[PDB]
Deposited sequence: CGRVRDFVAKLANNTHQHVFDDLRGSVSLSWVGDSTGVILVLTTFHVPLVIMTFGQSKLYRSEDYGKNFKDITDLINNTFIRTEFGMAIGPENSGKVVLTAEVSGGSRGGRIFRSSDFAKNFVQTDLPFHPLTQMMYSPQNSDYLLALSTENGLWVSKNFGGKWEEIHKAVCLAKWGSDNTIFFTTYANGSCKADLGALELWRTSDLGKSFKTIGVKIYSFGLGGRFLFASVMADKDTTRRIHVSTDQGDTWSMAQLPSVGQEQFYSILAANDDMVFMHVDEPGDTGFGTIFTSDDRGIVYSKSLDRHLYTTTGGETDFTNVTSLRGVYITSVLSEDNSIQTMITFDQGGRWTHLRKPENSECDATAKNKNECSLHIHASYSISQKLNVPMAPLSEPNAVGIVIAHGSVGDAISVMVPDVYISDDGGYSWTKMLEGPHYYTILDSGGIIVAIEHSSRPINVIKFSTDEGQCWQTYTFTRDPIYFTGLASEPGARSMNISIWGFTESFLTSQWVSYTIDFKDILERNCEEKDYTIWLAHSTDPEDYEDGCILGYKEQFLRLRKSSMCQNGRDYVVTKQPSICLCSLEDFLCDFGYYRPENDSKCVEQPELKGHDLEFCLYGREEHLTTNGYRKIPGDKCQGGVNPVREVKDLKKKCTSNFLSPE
């Protein structure tokens, strides 16, 4: 078929080993900035001692720098608090003697080239969080629950509040936080007060009361608020940093139930609502651009109690794709894929030339199922969850099983090149996988119960593989390390030698394999989401299309660190299909027309009563968030009020 010529030579001088000696217990690994190569490894022993190593060559070599931390014990609960973007900021938290007035931290702002010791006025309880806007601003919680802020990269710390439960950095250096009063975080549960500060402690606005918890997702601020003289609670949303609030058109839940933001962006949110009682599943709801109107998207969606596992996944390598796990009435688990932001859900197409397993009734008719967080959690033989990278268009890699449900059997690895529309067995049996050079190189390692010395690699998007021995002395493989963003050609293999054990990391550079830099000819045209090429509206997902330039399976070259995915939108004509029913409307039968509700029951009535103005004055239809269609159809009707249809049954006072 097709394999790389004279590869053994191209990799030998490019392979780079490093023996880390030690390293019983902890082994933390942190990348520090993009296009640097700075990696930091932190090993903690016990009677103990700590050991820190720094690389600058993508993990090909390290230099022990415990010296830079004046040789002290470092707490791994806090780990290595790394700064955003290329701020080069690193914050290690030291262990102090019991009687101390406050903690101690080591800090670098120069990619771990120089560390600064700093004693604190408090004892940290949380990892110091960096502001997304300014890397010099940090916030933390004391063991006393006081909110401490710093405006000088942890040099000077000022307590800005005292009974803080949870705090979070918003956009433009804002800080959101809850506070208790009568006892503790656990006590005042659902009775807490949500606050905000834009002047890092100077002023404070109470932005909520009877708060159970809060969270940020995309453009929204969600907070669960507890019912007056009741154990139940419901979601409320603010798109204006707490200033204005509005109840979410979602069910209310009990103390034994939860809400989880499965996914959030500038357009909408995927919200998991736990089903009442120990079920180990809930319901997925997709929001509108206001984060208020919700559409039931998926039933019996696996999500163990509390949080807890979920197989919910954003297939980051193709627009609108998400795979998750649903629970069958006959207590089996099925994988469901959505190509249109959870509009429509369906089974994953089984690979063409693939046989159905013992889980399936028809031996010729079944689907692909994916092993993710939940499978992993059940000590099922899954070394890795599904992996997709946004720069590697259409590629999805996962351990799955072809059949009617997720099977306990030892999984093989499956790949997709079109974002989950079509699948193919990539490798037999479990493996650890990585995407290099934006789909230029796919790299694999077998999940053996005994030592290994080989790395498998592909240059044709997992269609053809090649074995390569990287070491004479095999190792008990532990994991892989590659620079986030899947742009490098440097992969770090990690393990430990057979015993008197010692950790080691062989780092291969694939620079000589892809000695040729890609050029215009190497890329071909690809219409994302193609189903029927005859159809004019083919590839129309969420109102538009996208034509890509993708490197040929054929072409075997380097896309380069500067690689820019080139895509091109084709704006489609609006149809009813680009609209969700606003509040008080529903879609009966196969029909796409949003019909007015005969009567509003459950939580629709709750909102119909306890809700508000704009959301109730419904146009009947709303444009799907992220929907960029133009022309065609539009709901030709006036903005009509509904706080009459509910109240029409209630005897009303004067």
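Inset, instruction - No C-alpha coordinates anywhere in a stretch? Then put that deposited-sequence range on the list, in order along the chain. - result: According to the deposited record, C-alpha coordinates are absent for 48-54, 507-508, which together make up the missing parts.
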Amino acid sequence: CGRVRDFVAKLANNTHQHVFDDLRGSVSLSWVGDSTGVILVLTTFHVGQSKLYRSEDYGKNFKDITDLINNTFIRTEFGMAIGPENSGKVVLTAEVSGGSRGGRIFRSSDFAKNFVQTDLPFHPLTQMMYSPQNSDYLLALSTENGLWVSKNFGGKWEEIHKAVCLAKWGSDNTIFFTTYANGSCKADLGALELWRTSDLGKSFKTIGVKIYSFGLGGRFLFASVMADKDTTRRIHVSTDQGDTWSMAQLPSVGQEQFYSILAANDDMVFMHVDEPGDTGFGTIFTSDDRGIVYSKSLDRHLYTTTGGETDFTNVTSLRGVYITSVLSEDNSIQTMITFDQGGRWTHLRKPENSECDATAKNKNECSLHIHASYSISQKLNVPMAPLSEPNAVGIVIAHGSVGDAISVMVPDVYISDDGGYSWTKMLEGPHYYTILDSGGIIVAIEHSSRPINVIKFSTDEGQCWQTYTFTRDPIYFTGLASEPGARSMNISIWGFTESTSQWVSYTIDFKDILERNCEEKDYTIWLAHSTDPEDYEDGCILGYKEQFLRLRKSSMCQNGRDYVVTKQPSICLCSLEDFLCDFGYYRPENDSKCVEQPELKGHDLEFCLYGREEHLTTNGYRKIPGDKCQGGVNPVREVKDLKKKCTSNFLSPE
From here on, numbers count along this sequence of modelled residues.
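Inset, instruction - State which stretch shows the higher mean Cα B factor in the entry: 611-619 or 26-34. - result: It is 611-619 that shows the higher mean C-alpha B-factor.
Inset, instruction - Please work out which of 257-265 and 110-118 has the higher mean CA B-factor as recorded in the PDB entry. - result: Between 110-118 and 257-265, it is 110-118 that shows the higher mean C-alpha B-factor.
Legend entry - Residue selected from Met226, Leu380, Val315, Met384 by maximal Cα B factor: Across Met226, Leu380, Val315, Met384, the entry lists the biggest C-alpha B-factor for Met226.
Legend entry - Out of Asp230, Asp437, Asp538, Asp404, highest CA B-factor residue: Out of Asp230, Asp437, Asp538, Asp404, the record gives the largest C-alpha B-factor to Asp230.
Inset, instruction - Classify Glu596 as lowest, middle or highest third according to the C-alpha B-factor given in the PDB entry, relative to its own chain. - result: Its C-alpha B-factor belongs to the highest third of this chain's values.
Legend entry - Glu606, C-alpha B-factor rank within chain (lowest, middle or highest third): Middle third.
Legend entry - Chain third (lowest, middle, highest) by recorded CA B-factor, residue given as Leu52: Ranked within chain, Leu52 CA B lands in the middle tercile.
Inset, instruction - Would you check the entry's CA temperature factor for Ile624 and let me know if it's in the chain's lowest, middle or highest third? - result: Within its chain, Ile624 is a lowest-third residue by C-alpha B-factor, going by the deposited values.
Legend entry - Record-listed C-alpha B factor of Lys425: chain third: For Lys425, whose C-alpha B-factor we compare with every modelled residue in the chain, the answer is the lowest third.
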